[PDB]
Each structure stands twice: as structure tokens, then as C-alpha cells.
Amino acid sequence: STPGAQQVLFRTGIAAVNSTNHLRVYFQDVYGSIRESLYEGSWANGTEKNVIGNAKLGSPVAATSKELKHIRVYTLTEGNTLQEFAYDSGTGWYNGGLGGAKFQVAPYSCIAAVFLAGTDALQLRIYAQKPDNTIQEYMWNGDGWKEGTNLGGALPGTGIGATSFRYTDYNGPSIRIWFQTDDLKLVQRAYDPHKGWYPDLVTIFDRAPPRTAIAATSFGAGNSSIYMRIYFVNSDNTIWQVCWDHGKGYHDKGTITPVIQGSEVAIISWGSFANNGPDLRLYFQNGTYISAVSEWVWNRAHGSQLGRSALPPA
């Protein structure tokens, strides 16, 4: 292993954001600090000098962005309230206002976050689990944090995946989120601006390990058309992928890569099938230098391939 790799928490929460091929990756160190690694032509950072804040040890770690102009990172405090670390170009890193709302969640809650797509306005939806085990939406629309739609019960400690896209024939954004129910199914819930939250859950996978990681992305939005990918850790200790592709629906599922038992997972994407893409990047732990974070790549050039073996600070 390496002294750097040893600083990375085993089964750390992982998140990532990007603007095309400009990448940032968030993780927790063994002391509970949240650090940023970065790719700008090459990999750097992830050191003690790249701490953005502190969270309870074992905290979920979620992140969302508008390119790399605005980045928001969500974790849990020792008190099990949602908090936010914020980057704005020209301002740098600071503590955003979510903390002030003191939103109290289950000790075992996960977190997902999205900027609403297709607008220059900064609008955010956060998902987490309340003590009664229901999934709660929290909203920022430029004038303070408020609760949004409660989306019903889930498995206590369920992973939460989430994405926002805007159809080019729609006048507003859509949201899709994914979690695990008590019966151990992985389900989709869905928001469109006409039907609101659709009443029904759609099953994406019959049986998954209890509290498995869940990470999602979407790309290539068109006229009432989208592409989506959802990832989880199956019982074979590999990440599995589920595809939505326009005109085919939920039509493909299969293993992608081996990981450590109980690895967390982050996904980013950019581009589209119509324009020589997409590009996908997955981050996870697979045992490289024991505790380092590893990368998986997909692009048109070469399809599925292992990427950076050990991320900084490894």
C-alpha cells in the first residue's frame, strides 16, 4: 500500500463532478475530513491540503455541479443533520446554507443531490431518509431551503441515486431517483413537469444486497428522449449496470467491474451517442493499494476499460 492510500477511509462515501473531461472526486479520509482529488490533464491533490470540510465518520458523500462553476457537496454532521460545502468560481470553497435549516435525518441515511437541468438558475433538490424511513426531498429555489415532496418509505439505510435532465421539447426539468424497498428490490421514482411525481415505482432489479450503493447518471436528452445508467453493488461483489436507452426502455443489465465488499460508487458522464460519446467514469474501491479509490472508463474509442488505478493521494 502507500501512506497516501492509507489516508483513504475503507468503504468511504464517494462522489464526483465534471465539465466534460475536467474531473473532481470527493472522498472521506480516515480522520473524517472530506477531500478533493482533481483531473486537469493529469491527476493531483487528495492531500491534507485539499480538505473542504468535516463530516461524521462513515458519512454519505454526494456532489452535484453546474460544469465546474458551481459545485455542491453534501454530507452528514455528527448530529445527523444535512450540511453543504459550496464552491463558486471567484469565491472558492465555503459553507453553504443548508446547515442553517438543521434538517434532521436518520443516522443511517444516504444522500443524493442534483442541480435541476436546462436552466441557468441555481436550483437544487436533495434526497435523504427521515427517521420514519421515508425518502424526503429538500429544495433550494434561490430564496432559502425548504422541504419538498416526500416520496414514501424505503429500506432503512437505502442507497439513493438521482439525476435531472430536460427534454428538448419540454418547458421544464425532469427528475429520476432510485432506491431500495423493504423487499430488497431496486426501484425508480419519476418526476415530469406534467405528471408530477408519477404514482408508481418501476422495478429496475429484482433483488439486491441490503443497503447496497446506488449511483445514477443521464445523458443525450432529446425530444421526449433520454439515456440513463444506474449502478449498484450486487452480491457477487461487482458493480452492475442497468441501462435505459431511448426506444428500448430498461433493456440491459450486467456486471461491470469487481469491487471490495460494501464499496460505495460514483458515476459521472458527458456527451452523447449522436456526437461521438458518451463518456462514462465510475469511481469505487476495488482493493488497489488496499484502500485506494479506483476508476473505470467507457468511451466510443475503446468501450469498457479500467482507468486510473489509484487516485491521488495514493
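So that there is no doubt, residue numbering starts at 1 and follows the sequence shown.
- If you average the C-alpha B-factors over 37-45 and over 283-291, the higher value belongs to 37-45.
- Across the two stretches, 71-79 and 113-121, the PDB entry reports the greater mean Cα temperature factor for 113-121.
- Comparing C-alpha B-factors across 247, 58, 262, 258 in the deposited entry, the largest value falls on 247.
- Within the selection 158, 241, 237, 141, the deposited Cα B-factor values reach their highest point at 141.
- Split the chain's modelled residues into thirds by C-alpha temperature factor. Residue 14 is in the lowest one.
- Residue 272: CA B factor in the highest third of modelled residues in this chain (values from the PDB entry).
- Residue 297: CA B factor lies in the middle third for its chain, per the PDB record.
- When the modelled residues of the chain are ordered by C-alpha B-factor, residue 98 sits in the highest third.
- When the modelled residues of the chain are ordered by their C-alpha B factor, residue 87 lands in the middle third.
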